[PDB]
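Single-structure report; data block below.
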Amino acid sequence: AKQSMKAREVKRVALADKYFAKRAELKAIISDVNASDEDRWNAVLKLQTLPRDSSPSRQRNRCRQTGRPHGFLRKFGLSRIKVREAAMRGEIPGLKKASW
Amino acid sequence: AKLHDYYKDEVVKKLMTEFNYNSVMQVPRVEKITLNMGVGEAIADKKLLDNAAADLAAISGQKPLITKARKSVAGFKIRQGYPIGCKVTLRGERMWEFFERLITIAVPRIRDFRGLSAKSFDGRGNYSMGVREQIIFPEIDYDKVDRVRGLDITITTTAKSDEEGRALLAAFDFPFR
Amino acid sequence: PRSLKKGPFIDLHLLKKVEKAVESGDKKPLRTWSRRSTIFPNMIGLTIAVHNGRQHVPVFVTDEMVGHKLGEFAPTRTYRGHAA
Amino acid sequence: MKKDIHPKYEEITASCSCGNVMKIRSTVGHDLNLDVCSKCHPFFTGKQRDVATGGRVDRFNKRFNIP
Amino acid sequence: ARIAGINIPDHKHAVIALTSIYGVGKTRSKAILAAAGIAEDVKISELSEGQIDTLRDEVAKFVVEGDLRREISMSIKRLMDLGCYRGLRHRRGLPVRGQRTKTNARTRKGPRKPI
RNA sequence: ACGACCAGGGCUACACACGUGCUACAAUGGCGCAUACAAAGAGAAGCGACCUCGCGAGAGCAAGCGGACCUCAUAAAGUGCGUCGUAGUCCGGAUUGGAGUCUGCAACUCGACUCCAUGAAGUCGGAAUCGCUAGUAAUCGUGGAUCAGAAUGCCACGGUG
RNA sequence: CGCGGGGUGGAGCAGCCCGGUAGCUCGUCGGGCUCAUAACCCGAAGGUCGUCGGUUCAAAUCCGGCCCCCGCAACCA
RNA sequence: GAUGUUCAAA
Ligand SMILES: [Mg+2]
Ligand SMILES: [Mg+2]
Ligand SMILES: [Mg+2]
Ligand SMILES: [Mg+2]
Ligand SMILES: [Mg+2]
Ligand SMILES: [Mg+2]
Ligand SMILES: [Zn+2]
């Protein structure tokens with residue numbers, strides 16, 4: 001069922017890009033600001049009317065090659081096992097076994 | 001006798017007009033209000049029956065009467081002559097004092113209310129109702145009683161018909177559905 | 001706890017249905033899956049059946065209930081006892 | 001009535017949040033103060049529901065203002 | 001020594017005696033001594049039960065002893081009547097904050113009980 | 001339909017046992033004050049100083065930094081001072097009530113932290129059993145990854161020894 | 001009927017005489033040791049002693065009543 | 001220094 005989870009993750013990054021920069025920041029700040037009153041209440045209402053998948057917290061970091069939820073490292077964008085094999089094939093630049 | 005003085009001043013003439021009686025005596029009245037508690041755990045814990053009796057003694061001033069079982073029954077594991085229930089019959093001014101108290105305080109104090117069944121009459125004009133929680137009466141202090149039991153209130157009335165009985169209680173402004 | 005600045009939390013569908021019932025008088029229970037919504041004074045004296053995974057469980061709102069969440073009263077798991 | 005066996009029964013004055021005061025003969029022995037009476041009850045043809053009365057509901061309102 | 005509260009504080013360091021008093025913590029002890037101005041670095045001489053007279057009135061502004069206990073009782077009885085999950089843990093002697101019951105919940109459940 | 005899209009719940013339930021940790025059982029210690037040092041590492045949907053307010057967790061304002069420069073974030077036992085004077089204790093912290101902060105659409109189940117109050121067990125642990133031969137155990141702090149938020153774990157680092 | 005003995009943890013057996021607050025054996029339950037099992041080890045629970053009175057600061061203990069079992073002897077309305 | 005049975009063919 002890995003493909004279905006990936007199909008969802010591509011929808012979540014698409015919708016978040018669609019909505020994060022258009023309304024997410026403004027609705028949060030006009031709710032947070034102390035000077036704003038009454039409108040901060042209305043702002044929360046329209047926020048819940050949104051799809052809710054836009055939230056960046058709905059996104060879960062996953063390897064591109066093997067779509068694996070756990071073991072993901074941001075810098076390589078790969079799961080731990082994928083990073084190890086790629087490093088030995090020389091695919092990852094500057095990555096060597098570490099001794100100290 | 002707060003609800004009594006009201007009855008003989010306003011209720012009597014109210015029922016008199018809408019029924020076209022020939023005599024004031026014909027107008028129905030409330031004879032007695034028996035309050036009944038039943039403890040099926042009396043055989044298990046005789047102390048619980050005493051506590052229930054103490055609750056009824058608080059609810060109504062008259063001291064409670066312990067009802068022994070009428071006949072031995074196999075299903076309920078009871079034997080004849082064994083104390084099982086607790087009953088008080090109120091017939092005097094104390095009947096009116098309980099009646100005015102029940103409508104003014106106990107019925108509002110019930111948690112969720114949707115009306116009292118007008119249909120719940122014995123068919124001889126005598127209204128019988130059931131109380132789910134004894135704590136509704138303010139007599140017993142809340143959280144000062146072991147368990148929340150219940151009681152059964154019966155309004156024996158002179159009325160020979162349910163229709164006469166409902167109007168008598170309705171005239172008192174009883175909370176019918 | 002939600003921050004005081006953000007105010008109380010309520011769901012649009014829940015609040016809209018509550019206002020739709022109050023204007024038309026109490027008549028039927030509001031069946032909702034919103035356990036996150038806070039108990040509000042506007043919905044006191046009404047039976048809101050907050051959803052429990054298997055089936056909604058009816059709750060009658062009271063004054064002491066306000067200041068607590070709808071789900072907080074509702075059962076969320078069944079564990080009668082370890083013994084049969 | 002038989003002497004001694006019956007609980008003591010004197011008159012008490014029970015007050016209400018709505019302001020209605022009822023003189024009732026009861027065995028409480030103390031003047032308790034109640035919240036709901038027949039007059040302030042929605043079913044007893046109440047015009048104003050108990051929602052108007054304060055309590056911890058008002059305390060919730062002071063903390064969260066939705067005007 | 002005695003204080004406005006029902007319980008009697010011990011004769012020793014004043015701050016410690018107040019910590020022992022129910023309802024008054026060490027930090028609250030420092031709060032009222034800041035108002036009273038009585039420090040332990042003053043002359044130990046001329047110390048009498050008469051001196052705590054100022055303590056009697058200032059502590060009375062804080063619910064303590066029986067007053068706090070009444071508040072705790074009303075808070076828990078409400079929980080029981082509410083039908084809320086918080087009240088139910090109180091009734092069953094189980095953790096009321098969400099701590100794991102599987103293990104390490106001895107303080108709430110009590111001594112170990114055989115199957 | 002052993003496919004898939006959703007909302008709520010569960011993986012945190014709990015008579016109970018075990019494994020591995022943490023915090024203790026104090027006085028070589030607790031509390032209060034004064035004062036001293038690290039090394040390693042991370043940062044742009046990010047580190048965020050300073051300043052103002054809040055007991056505080058924090059909020060606002062906003063410098064700088066793609067980094068030997070700015071920012072976390074400066075250490076802790078240590079030393080010097082006073083008190084406790086051996087008591088379930090100025091030990092120890094569970095637990096619980098009340099209130100607030102922050103993340104996040106939202107903290108009810110089911111986050112962390114702060115404050116106010118509460119002060120359980122524990123006065124060093126049965127049979128038995130584990131780790132370690134030198135900067136090693138022992139002890140005391142610091143950072144990282146994972147990460148919206150969520151360490152007592154984990155990968156590193158230094159301190160005393 | 002007389003004399004003597006016995007009844008104590010689930011079971012069994014001490015303790016009794018000579019009153020000092022009640023144990024053991026085996027079983028049970030939990031843990032340990034062992035690759036595993038037994039043995040073994042540790043911890044735990046269990047009756048205040050057939051019952052009822054008396055005595056006394058105090059009773060399994062001492063003296064009686066009663067119940068059941070057993071041994072031997074006794075028994076010509 | 002107690003006890004620990006067995007195992008079709010390719
Ligand atoms: Mg595949
Ligand atoms: Mg996530
Ligand atoms: Mg879902
Ligand atoms: Mg798990
Ligand atoms: Mg110690
Ligand atoms: Mg984090
Ligand atoms: Zn009223």
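Throughout, protein chains are lettered first and strands after them, A, B, ... in sequence-line order, and every chain is numbered starting at 1.
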Presence of C:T76 side-chain N/O under 4.0 Å of F:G9 phosphate oxygens OP1/OP2: no

Where the side chain of E:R112 is concerned, which of F:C147, F:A17, F:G8 is the nearest nucleotide? F:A17

Does E:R86 make a side-chain N or O approach to OP1 or OP2 of F:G97 shorter than 4.0 Å? yes

So does C:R77 get a side-chain nitrogen or oxygen closer than 4.0 Å to the phosphate oxygens (OP1/OP2) of F:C14? no

Under 4.0 Å: is that the gap between some side-chain N or O of E:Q99 and OP1 or OP2 of F:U96? yes

Return the nearest nucleotide to the side chain of A:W100; candidates are F:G60, F:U96, F:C157. F:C157

Under 4.0 Å: is that the gap between some side-chain N or O of E:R97 and OP1 or OP2 of F:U96? no

Hey, does E:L68 reach any base, or is it just sugar-phosphate, or nothing, if we go heavy atoms under 4.0 Å? sugar-phosphate

Using a 4.0 Å heavy-atom cut-off, does E:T103 contact any base of the nucleic acid, only the sugar-phosphate backbone, or nothing at all? base

Distance check: side-chain N/O of A:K75 vs OP1/OP2 of F:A42, anything under 4.0 Å? no

Searching all strands shown, indicate the nucleotide that pairs with F:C102 (Watson-Crick or G-U wobble; both distances under 3.5 Å). F:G111

With a 4.0 Å cutoff (strictly under), does any side-chain N or O of E:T107 reach OP1 or OP2 of F:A94? no

Within the structure shown, what part of the strands sits under 4.0 Å from E:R78 by heavy-atom distance: base, sugar-phosphate, or nothing? sugar-phosphate

Would you mind classifying the nucleic acid contact of C:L70 as base, sugar-phosphate or nothing, using non-hydrogen atoms under 4.0 angstrom? nothing

What is the base-pairing partner of G:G2, counting Watson-Crick and G-U wobble geometry with both distances under 3.5 Å? G:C72

Is the phosphate of F:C116, meaning OP1 or OP2, less than 4.0 Å from a side-chain N or O of E:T27? yes

Could you tell me whether C:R80 contacts a base, only the sugar-phosphate backbone, or nothing, with contacts defined as non-hydrogen atoms closer than 4.0 Å? nothing

Looking at E:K109, I'd like to know whether one of its side-chain N or O atoms comes within less than 4.0 Å of OP1 or OP2 on F:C16. yes

Answer yes or no: does a side-chain N or O of A:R74 lie under 4.0 Å from OP1 or OP2 of F:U146? yes

Choose from F:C105, F:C16, F:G97 the nucleotide whose nearest atom is closest to any side-chain atom of E:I115. F:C16

Kindly say whether, by distance alone, the side chain of C:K6 makes a donor-acceptor pair under 3.5 Å with the base of F:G104? yes

Students often get this wrong, so: under 4.0 angstrom with heavy atoms, is A:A7 touching a base, only sugar-phosphate, or nothing? nothing

Give A:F20 one of three labels, base, sugar-phosphate or nothing, depending on what nucleic acid heavy atoms sit under 4.0 Å from its own. nothing

Ignoring backbone atoms, test whether E:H13 places a side-chain nitrogen or oxygen under 4.0 Å from the OP1 or OP2 oxygen of F:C31. no

So, is A:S4 close to the F:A4 phosphate, meaning a side-chain N or O under 4.0 Å from OP1 or OP2? yes

Can you tell me whether the side chain of C:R35 and the base of F:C108 have a donor-acceptor pair closer than 3.5 Å? yes

Under 4.0 Å between any heavy atoms, over every strand shown, what does C:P1 touch: base, sugar-phosphate, or nothing? Just pick one. base

Could you tell me whether D:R59 contacts a base, only the sugar-phosphate backbone, or nothing, with contacts defined as non-hydrogen atoms closer than 4.0 Å? sugar-phosphate

Of the candidates F:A15, F:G97, F:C108, the side chain of C:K69 sits closest to F:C108

When we call it a touch if two heavy atoms are under 4.0 Å apart, what does E:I21 touch: a base, just sugar-phosphate, or nothing? sugar-phosphate

With a 4.0 Å cut-off on heavy atoms, is E:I76 in touch with a base, just the backbone sugar-phosphate, or nothing at all? nothing

If you look at every heavy atom in E:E58 and E:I32, which pair is closest and at what distance? OE1-O, 3.3 Å

Would you say a side-chain N or O of C:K5 is under 4.0 Å from OP1 or OP2 of F:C102? yes

When we call it a touch if two heavy atoms are under 4.0 Å apart, what does A:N61 touch: a base, just sugar-phosphate, or nothing? sugar-phosphate

Where does G:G7 land, syn or anti, given syn is within 90° of 0? anti

Under 4.0 angstrom, heavy atoms only, what part of the nucleic acid is C:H56 near: base, sugar-phosphate, or nothing? nothing

Watson-Crick or G-U wobble partner of F:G32, both distances under 3.5 Å: F:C81

Under 4.0 Å, counting only non-hydrogen atoms across every strand here, what does D:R63 touch: a base, just sugar-phosphate, or nothing? sugar-phosphate

Who does F:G41 pair with, Watson-Crick or G-U, both distances under 3.5 Å? F:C72

May I ask which nucleotide in the shown strands pairs with F:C155, Watson-Crick or G-U wobble, both distances under 3.5 Å? F:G143

Less than 4.0 angstrom between a side-chain N/O of A:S57 and OP1 or OP2 of F:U103, yes or no? no

